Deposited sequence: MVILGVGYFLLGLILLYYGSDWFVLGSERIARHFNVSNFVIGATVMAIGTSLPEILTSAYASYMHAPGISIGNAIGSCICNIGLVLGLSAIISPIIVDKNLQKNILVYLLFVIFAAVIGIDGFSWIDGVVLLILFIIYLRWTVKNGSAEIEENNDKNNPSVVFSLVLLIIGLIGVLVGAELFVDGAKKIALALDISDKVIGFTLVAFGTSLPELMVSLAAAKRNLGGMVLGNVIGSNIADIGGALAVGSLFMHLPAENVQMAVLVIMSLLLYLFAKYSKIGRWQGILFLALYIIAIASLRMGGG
């Protein structure tokens, strides 16, 4: 039991580690095949693939009548994605953002502010429908602006991508299940801590994929994955949650998200996303996890 837990834990780590690199390599190749930028592949295929845990989690939680957990997971993931994931990644591989990606980040910022505003009284199913529609528009706009028989180069590419994605998603689940089994076996299970960590657990794919990308100096891919995952987490995970049940407002967390998103845009536009920007993101992240209410909703 503690043995099974340790087994899952370690296997999950392995699958996350190697799976993330395969996913990145396959995504980079697919981007070159389709003549789209690494940012675009990161913001679309990679972002959505890695946010599937958040979407399922938020949908399931709201369906099980725990809408606090549903929104806690969605918004907590956005804060994790900028504070921790981008924070670490930016230090590893500093990013200078080109003029068109800047505009994409501005649209991201507007989307986040819009979500925060309509969410002041919580999120209804109509809020969800609107956010989903905007999510869809964002994707098509993003692909438009970043765009332009059986080929073994392409087949290898898609195999790498899909196997890598399977690797990071199964790996994250094993890692989390393994940790939970260890905690249970050692009699240190704590539901409040466990629910606090839900957003982190679902963000393990983004974490490892972004770090793999950053190691290969693929900064546009990192930024696309972070921006796209947050939009997927709001227009997808949060949105679907709100379809099952009204989601209670999380105004403090949304304000933290809006602040981090604003900083991300300002750095992108007027500076760079490099070492000291990443240090700031991590510092704000650490302050957030030190001070936000526990329990993940």
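- According to the record, the deposited residues with no C-alpha atom in the structure span just 149 to 155.
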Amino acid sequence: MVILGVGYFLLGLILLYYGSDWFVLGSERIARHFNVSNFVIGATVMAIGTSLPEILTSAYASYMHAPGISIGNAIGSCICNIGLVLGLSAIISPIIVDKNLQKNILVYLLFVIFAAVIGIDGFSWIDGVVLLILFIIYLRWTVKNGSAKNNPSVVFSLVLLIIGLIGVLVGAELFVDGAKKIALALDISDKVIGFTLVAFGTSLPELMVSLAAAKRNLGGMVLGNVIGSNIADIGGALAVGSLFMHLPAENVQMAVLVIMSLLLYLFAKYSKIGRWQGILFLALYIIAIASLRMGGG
From here on, numbers count along this sequence of modelled residues.
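By rigid core we mean the largest C-alpha set that fits within 1.5 Å across both forms.
- Superposing on the core and measuring CA offsets in 8 other deposited structures of this protein, the stretch of 187 to 195 and 160 to 168 with the greater mean deviation is 187 to 195.
- Remark: when the other structures in 8 other deposited structures of this protein are fitted onto this one via the rigid core, 199 to 207 deviates more than the alternative among 70 to 78 and 199 to 207, judged by RMS CA distance.
- Judged by mean Cα B factor in the deposited record, 27 to 35 ranks above the other of 27 to 35 and 230 to 238.
- Mean CA B-factor, 279 to 287 versus 9 to 17: the higher value falls on 9 to 17.
- Considering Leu84, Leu186, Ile75, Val130 together, the PDB entry gives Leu186 the largest C-alpha B factor.
- Of the candidates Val155, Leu169, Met208, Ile105, it is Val155 whose Cα B-factor is highest according to the PDB record.
- Per the PDB record, residue ranking by Cα B-factor puts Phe195 in the highest third of the chain.
- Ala214: CA B factor lies in the middle third for its chain, per the PDB record.
- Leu247: CA B factor in the lowest third of modelled residues in this chain (values from the PDB entry).
- The PDB entry assigns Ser89 a C-alpha temperature factor belonging to the lowest third of its chain's modelled residues.
- Ranked against the other modelled residues of its chain, the C-alpha B-factor of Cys80 as given in the entry falls in the lowest third.
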